[PDB]
Amino acid sequence: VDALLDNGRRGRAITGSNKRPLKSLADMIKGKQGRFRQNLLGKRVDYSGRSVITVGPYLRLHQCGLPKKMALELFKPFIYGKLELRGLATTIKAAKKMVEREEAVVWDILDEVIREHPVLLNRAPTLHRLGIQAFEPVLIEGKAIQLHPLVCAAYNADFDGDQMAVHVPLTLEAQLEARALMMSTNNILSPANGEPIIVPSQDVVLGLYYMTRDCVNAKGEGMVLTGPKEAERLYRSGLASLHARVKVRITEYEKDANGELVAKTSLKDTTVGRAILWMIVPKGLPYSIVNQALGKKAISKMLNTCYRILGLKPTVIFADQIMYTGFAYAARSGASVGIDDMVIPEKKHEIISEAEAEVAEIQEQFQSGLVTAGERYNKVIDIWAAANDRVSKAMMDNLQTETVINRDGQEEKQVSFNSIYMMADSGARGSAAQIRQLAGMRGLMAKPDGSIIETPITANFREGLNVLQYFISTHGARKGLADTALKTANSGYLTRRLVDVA
Amino acid sequence: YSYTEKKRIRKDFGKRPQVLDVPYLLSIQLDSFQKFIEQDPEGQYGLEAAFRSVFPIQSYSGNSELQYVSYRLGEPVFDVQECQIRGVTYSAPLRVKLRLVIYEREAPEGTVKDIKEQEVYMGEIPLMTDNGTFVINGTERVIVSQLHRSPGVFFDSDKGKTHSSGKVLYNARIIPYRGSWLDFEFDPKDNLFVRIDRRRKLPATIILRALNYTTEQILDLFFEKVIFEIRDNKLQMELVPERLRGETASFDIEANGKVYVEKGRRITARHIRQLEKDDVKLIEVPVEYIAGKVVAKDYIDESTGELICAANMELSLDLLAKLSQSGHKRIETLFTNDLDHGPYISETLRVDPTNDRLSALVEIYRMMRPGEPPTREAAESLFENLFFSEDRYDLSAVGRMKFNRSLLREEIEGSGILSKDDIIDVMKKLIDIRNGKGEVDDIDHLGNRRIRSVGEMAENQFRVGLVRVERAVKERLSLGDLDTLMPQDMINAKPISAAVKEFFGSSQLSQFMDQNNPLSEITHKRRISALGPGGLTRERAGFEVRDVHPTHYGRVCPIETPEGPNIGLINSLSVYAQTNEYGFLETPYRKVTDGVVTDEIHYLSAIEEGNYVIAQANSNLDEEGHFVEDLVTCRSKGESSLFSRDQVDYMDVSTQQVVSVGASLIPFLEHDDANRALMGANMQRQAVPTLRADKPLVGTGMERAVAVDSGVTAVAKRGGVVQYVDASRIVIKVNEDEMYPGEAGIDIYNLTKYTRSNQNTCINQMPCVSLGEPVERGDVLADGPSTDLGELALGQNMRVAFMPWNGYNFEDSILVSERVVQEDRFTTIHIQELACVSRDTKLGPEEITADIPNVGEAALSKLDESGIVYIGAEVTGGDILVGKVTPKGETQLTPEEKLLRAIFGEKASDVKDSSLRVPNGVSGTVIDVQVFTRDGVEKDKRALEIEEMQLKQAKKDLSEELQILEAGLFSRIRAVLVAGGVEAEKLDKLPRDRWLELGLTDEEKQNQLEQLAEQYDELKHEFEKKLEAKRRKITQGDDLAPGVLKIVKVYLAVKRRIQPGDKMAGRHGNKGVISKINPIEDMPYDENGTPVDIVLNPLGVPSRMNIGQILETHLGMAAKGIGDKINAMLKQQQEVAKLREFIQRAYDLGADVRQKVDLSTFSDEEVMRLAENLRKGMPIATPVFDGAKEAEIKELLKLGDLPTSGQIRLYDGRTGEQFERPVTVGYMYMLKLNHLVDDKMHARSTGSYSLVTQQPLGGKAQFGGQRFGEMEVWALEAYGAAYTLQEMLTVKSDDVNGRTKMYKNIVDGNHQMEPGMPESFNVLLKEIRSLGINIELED
Amino acid sequence: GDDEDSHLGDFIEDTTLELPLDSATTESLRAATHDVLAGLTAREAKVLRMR
Amino acid sequence: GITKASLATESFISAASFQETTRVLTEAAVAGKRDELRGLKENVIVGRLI
RNA sequence: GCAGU
Ligand SMILES: [Mg+2]
């Protein structure tokens, strides 16, 4: 009886006919596989599909792309009822056969039944509430869902094989919550901090950064424009480059104290690209919001300013327009990473030779007993870290300003248009912590226990790492990978405990 | 040069001259299993050792014995392919010759009465195919090698993990191969404790008292005695000087001379030097010097017979004055010098309750079997069977070797059981380590960790079976019928066969083979796994066993490891890595004798790798051998440093010594991050083979080794000339130099055509050679899947451009042009078997029939009259493949359809349509149909048709191979006959059957004619012997599962084209999902109008620093740039001199490259064939860590008239205007990975629900339903989505009355729910009430 | 396949259940039969409902 | 702690659902407890509106 | 068990 109620609670568990312990009554209801957690708090669910996600950058913020062959199964009783209702089927058996044969009329019915019907898209692990958002489906012909780019950061979703589940809200209350509470246009701020989470990202930020920069002697510099439309005309006609410093007549509106928009027209010292980008900025925002090279944070501040000043309905339009224009002018950019983009500073070899000479003198000071191996080790580490910082500073000083170009004959240095630097400086992808490993040196690596090896990787990834340097780097690479693979099961357990306390 | 590798020569940019060729990559599996099954005369390995481990089996009394003469392996009943078709294990029967020796009742020495020897059969053992795989129940399985802890003794510690006091607690652990663990440890107060099988701890001296040591013997073993020969002067004390090392002397030492050190001082080693140089050995100490000293001997009073002082008792002044009355001159005392020597054993003996052998044995018994009353001969048999019985404990040969090597003994060989001195030496080394005189072992050192492979695990399981048989034979030889039985009446084959069967089929290490491409197989066979029986568990393995130890260098790849929960537990054997005779990974090194790096190679294991200084493979050296630099970078003890040229002992044998065969295929591995290299090495093994294999324009040179060492290709066994080439077979006329006497001299190679892999891909061999061309030994004759002219081709060389394109490559997406779908580049064939099993239900048999009820007549158009589909039939989803019906009854239809039957009259049928249909979305061709019919069931017309087809094919193939072989034999006869006594114009008229009896004059060649005629006659006999066996295997019944009548297997062949969603990748960790298939006119294009095949993202390079994917691109631009020149010279039909000149310029290019391709020796036809194979880009070889420098890539770009920066100006396809910056355009080698969106997409509205809980079923095979788990419920609770949540809980999963109402409301146009209680909650209330608990619902 | 999170128990479906398409078919057949018997004389329509 | 406070709620359905089902259910049984379905988990368990 | 995110 005690093995029936709780097997293994008193002494040896009874094991039958597979040499595996029998599952008792208490084991049915407890644990991660018990009723309480596996069947009652979460459960398998009808009307639910799943597929790979792809970009679909043509979408609006409230739209997803839903495969026709997924939406024809997810909405089967809706199509059966609309075939019965519209007279196209005399029965539910006739409508079932019509959907099964996939006639040309069930696709018109399917276009009818999904029209204003949201679906919830979910990427597990659902770490926070923005891991489930509603979207209106746009029927596409693929087999992969087309997830809007701006919401990817909310889902923590890249398109490298991620799958997402689609759920259909059936009732009018469920549809109205998908539309009012969970729709992705309602979700543009984060609930953890009040900052935007529907926010532009790597390609978008790089497009808007490349458009809003300035070059010194660019084509079409110095002219005076009647506004943003003439700037777009000049750029598309190829009569002026996107970076030509120019004078544009800008009309900007500010919300007065009474609450309406009062205008002001002034000649702004601008570039052609910021003039072009001004065409998508809604009215109550100032010109100082685009008259700068727009990195990731400047774009996020643009969106936050628009949300506070104008509200949600102008902000979703602004976010979609920002995404379209960033994608467009990153495509026109031809921004490409070659191997010459990773310029190694020509001072790297002599800085490394100086540090090698210095560690040789600390080694002869150790051989002559002046210093103990502890202080010798520490001094070699510090005169390798000083050399690493020297190499990184020389690399970044070479990489950020290598553009020296001619204004009326006089050479003049400007911020570099290098692609690796344009990606890092945008905040599109990467930081100087990776540019330093591409074009600098990648420095002191640690042992598996944490004690850093006294001789560093004096190479970078543009040059090769030899067999020993590569093995030494794998030491820390696999440690990071194992901590990543073993701390998700700890952060999820902390989140579970916090949810069940609060 | 070669003949298969001068068709197309891969230009090598490698610079270090290779000294050791890559070994046979599957020698781990094959060598291990060969050691298992092969005959061993000395009885060390495999089956012979397992038999001698158990046999001879003596009876309980000794009247009879069962001994073992020899064993044999039978012939397998079915071939590998017949076992894959009939779904049976490919095994061989184990025929063991046993001998029952029976004596008379009372014999002087066991003089025998009779001997009865016969060949018993015990089990079948699965054989390993010649590629390292096992065919087990038809599926090919790979037994993955295991990295487990070597048996021995390991000293370790916890570094203040206990008592919060920073006291490191040491522990020794004896791990046997088979047996019981034995632990010693220190507690926070330095009492030595013992554990057995990790149960609660005893004092460690209890096991010393279980052995017959008394207390004074224990103190004699673990101590050294200080002796007080108490002379006239108070406690005259004998002394050796070094005992005075490092203590605070509060007493002065005076002995015929100086007072050496004043009282109240600490003394130094120079004072000991003083005391030993003035030669004082006998001193005068104060009276209280004995207060605290522990006696060593049991001091007894011979006057009264009473022991006046027991051993291990602290002597005091009152006790000293007590025993001084007895007239005792010498007082022995345990010498305990703190911080050099320990009281540990004495203070341990102060804790244990036992004082003799029986009390200690009783305490060990109460520890081991608690609650069972111990008797003397029960406890003293339990302890003797724990560690000291050779059938219940084994410290095996590797265990004894590691055991003696730890304790620094001289012998490497010994007994498998423990001894007194083994346990004493383990305790002694633990005490030494506590005293700072040693260091604890590193548990994940690869010299403390060893490889247990298929042939050792299988022998272990076979020995488990043999002991399960030995117990039964001992239970049988204790009976009185011993004069009538034979030894096969005693052996049940089912224990042995069940042990071996469960190991090979259902173990954790016997894994379903990953058969995607050749690389997947060849790296699943070289797999090492810390998991498994006797290993770790992935949930309880810490961060430290998952790390890259410094000893994996050359033995285990640091890169190639999984990414999920088991990372660093599944390892991949590196390229040159080998195993010891004990199972310790060893790696090859070139000896450096005097600075001349000798080409002599020595395989060093991990323990002997640290004694030496080992130079890098990247260390420069001249043709002489000396290191041209003077401070060589080397590895001395596990750390890396610079050494002089004279110190260096060994050198690495190659630069790919450190990485596995999967990571050695990544070009420019030295420029990728190790994370991205891990991802690329893991994603190469997932690429599916495309229609036409395309070599890599940038490769590493390991392609040929991987493609040849995997058995996917057809490699010529003997050189020759291709007599006949055909898509289904290659017939090679062997050279005269390579054929034996009395042999046809013809090798036939039958090619695998369109068969199913384990992963439902197509494996298909295409002949590579042409008719009449010469082949050599080792030349690839026919390709395999993912193989191009004998190289490993896992993908296609797509022309990529690195630029952002309108957001369609956002966040690792891939833009693909329509000319990749047009040219069928990543179209892959996938073969699926689908089984229709006509069973015997209890209502009657299900029948395979074509008259299916209530189905259209057009649906049965593709079925033949027997109910099965035609071969070649193009089927789409839903189509009937095998028409089947199950008999049903007890209809009991509702009154409304009863009236419906009454009106229209269509009477329902007694059968139900249970036919096999194509799954939805699947569309392909039926390429094979197999019908397995149970013996006794009459075969339908289709089964008899398939059988006549099989018999015609078997007879035709056997007759055709006989015609081929007999034609070769007659050609050889004709060649011998014209070597002397030539009838060449007479023999052409004489028919071929008359040449045998043509007597030639016998100089010597009449012996050749004898042997060739005998060969022909036995060929004719073997043809019939094979044909009758093929006929009886075809027409015989099938051993199906009980209950099933017949099985029809339909093999669909689907062609999956590339489409948005399909996961594509490169070799550098740059995965991505195709996001659009773009038209050709929408792609960017160069000044010549060539559009770009694939547009990748530049933003995926700089943060995840896989720079290799850039260089591979820049070099793939160069390679193809060479080809686009040769192709041009092949279009103007240039003279072969200009082609020879340009190809020699392309092969000479590079900075002191190791290869020399001299086209001066190529004939003009060979130059033309080479240039025709190079017109699609010249294949380049960039070996790992000595590959092509960027300067050489720029020089190759200059040679092909390309921009040396690797970047051209592109134009937009849609608007025709130039992209503002130069774009990196080149040729990246892309791979289509097996994560296809066809197999991912799934949706359900409703369907089948689960049985106990009424929730939907699991996955897309059971029609799915997505788990709306716990975190998603928190997501809907964080919004105020109370109704969405409620309908996810009630009317979509569990509300049984509510989900049908929901369906009928959605259909009737009313989107409203009526939720009730979820049925899982009713299951929960019924399961809580089945405990004694009353849970209710109140109201 | 040694997969602990799955078992044999959650691949076994409940075959005795009725498909909600068949429940909708039954209720639709009830409605259709009720109308096409409402298109008759009450006497004979009740004879059919009664028989 | 968050565990010792999750397990000490006045609602035995939430606490038994969280972890240590056996201890919570025996304490609730011998205490003759009552759970009024006031939080969110007890209304998700029984399929109600939260 | 093995992979994917
Ligand atoms: Mg992803």
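Sequence lines set the chain letters: A, B, ... in the order given, protein chains first and strands last, and positions in each chain run from 1. Below, each value reflects all heavy atoms present in this structure, side chains not excepted, and no hydrogens, waters or symmetry copies.
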Original post:
With respect to the phosphate group of E:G4, does any side-chain polar atom (N or O) of B:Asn1234 fall under 4.0 Å of OP1 or OP2?
Top reply: no
Subject >> Separation of E:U5 P from A:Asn122 CG (nearest whole Å) >> reply: 18 Å
Subject >> Distance-only polar pair, side chains of B:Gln1059 and B:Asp1238, donor-acceptor under 3.5 Å >> reply: yes
**OP:** Starting at atom CD of B:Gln684, determine the distance to atom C1' of E:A3, rounded to an integer number of angstrom.
**Re:** 16 Å
Subject >> Side chain of A:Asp158 (C-beta onward), nearest among E:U5, E:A3, E:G1 >> reply: E:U5
**OP:** Looking only at side-chain atoms of A:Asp160, point me to the closest of E:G4, E:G1, E:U5.
**Re:** E:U5
Subject >> Nearest-angstrom distance from the residue atom CD1 of B:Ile567 to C1' of E:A3 >> reply: 14 Å
Run the side-chain donor-acceptor check on residues 826-833 of chain B: report pairs under 3.5 Å with partners two or more places apart or on a different chain.
residue: B:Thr827; atom: OG1; partner: B:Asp824; partner atom: OD1; Å: 3.1
residue: B:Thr828; atom: OG1; partner: B:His830; partner atom: NE2; Å: 2.5
residue: B:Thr828; atom: OG1; partner: B:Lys1232; partner atom: NZ; Å: 3.3
residue: B:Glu833; atom: OE1; partner: B:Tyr1051; partner atom: OH; Å: 3.2

Original post:
Are the side chain of B:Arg1267 and the backbone of A:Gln38 linked by a donor-acceptor contact shorter than 3.5 Å?
Top reply: yes
**OP:** Using a heavy-atom cut-off of under 4.0 Å over every strand shown, decide if B:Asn566 touches base, sugar-phosphate, or nothing.
**Re:** sugar-phosphate
Original post:
Partners of B:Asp1062 by side chain to side chain donor-acceptor pair (under 3.5 Å), sequence neighbours excluded?
Top reply: none
**OP:** Would you mind reading off the distance between B:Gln508 atom CD and E:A3 atom P, rounded to a whole angstrom?
**Re:** 12 Å
**OP:** With sequence neighbours excluded, tell me which residues meet ring pair (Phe, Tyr, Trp, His ring centres under 6.0 Å) with A:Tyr155.
**Re:** none
Original post:
What are the residues of residues 517-525 of chain B, sorted by number, that bring a heavy atom to within less than 4.0 Å of RNA chain E?
Top reply: none
Subject >> Atom-to-atom span, CD of B:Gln515 to P of E:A3 - whole angstrom >> reply: 16 Å
Original post:
Which nucleotide sits closest to the side chain of B:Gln686: E:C2, E:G4, E:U5?
Top reply: E:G4
**OP:** Could I get the full list of side chain to side chain contact (heavy atoms under 4.5 Å, CB included) partners for B:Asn675, not counting sequence neighbours?
**Re:** A:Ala477, A:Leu481, B:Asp673
Subject >> Protein-nucleotide distance (B:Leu678, atom CG; E:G4, atom P), rounded to Å >> reply: 10 Å
**OP:** Please tell me which of the listed nucleotides, E:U5, E:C2, E:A3, lies nearest to the side chain of B:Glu563?
**Re:** E:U5
Original post:
How would you label the contact of B:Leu1233 with the nucleic acid (heavy atoms, under 4.0 Å): base, sugar-phosphate, or nothing?
Top reply: nothing
Original post:
Listed by chain and number, what are the ring pair (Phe, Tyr, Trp, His ring centres under 6.0 Å) partners of B:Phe462, not counting sequence neighbours?
Top reply: B:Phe51
**OP:** Please state how far atom CD1 in B:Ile143 lies from atom P in E:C2, giving the value in whole angstrom units.
**Re:** 14 Å
Subject >> B:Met1271 CE - E:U5 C1' separation (whole Å) >> reply: 14 Å
Original post:
For the side chain of B:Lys1071, counting heavy atoms from C-beta on, which of E:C2, E:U5, E:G1 is nearest?
Top reply: E:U5
Original post:
Can a side chain N or O of B:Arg538 be found less than 4.0 Å away from OP1 or OP2 on E:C2?
Top reply: yes
Subject >> Per B:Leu531 side chain, nearest of listed nucleotides E:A3, E:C2, E:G4 >> reply: E:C2
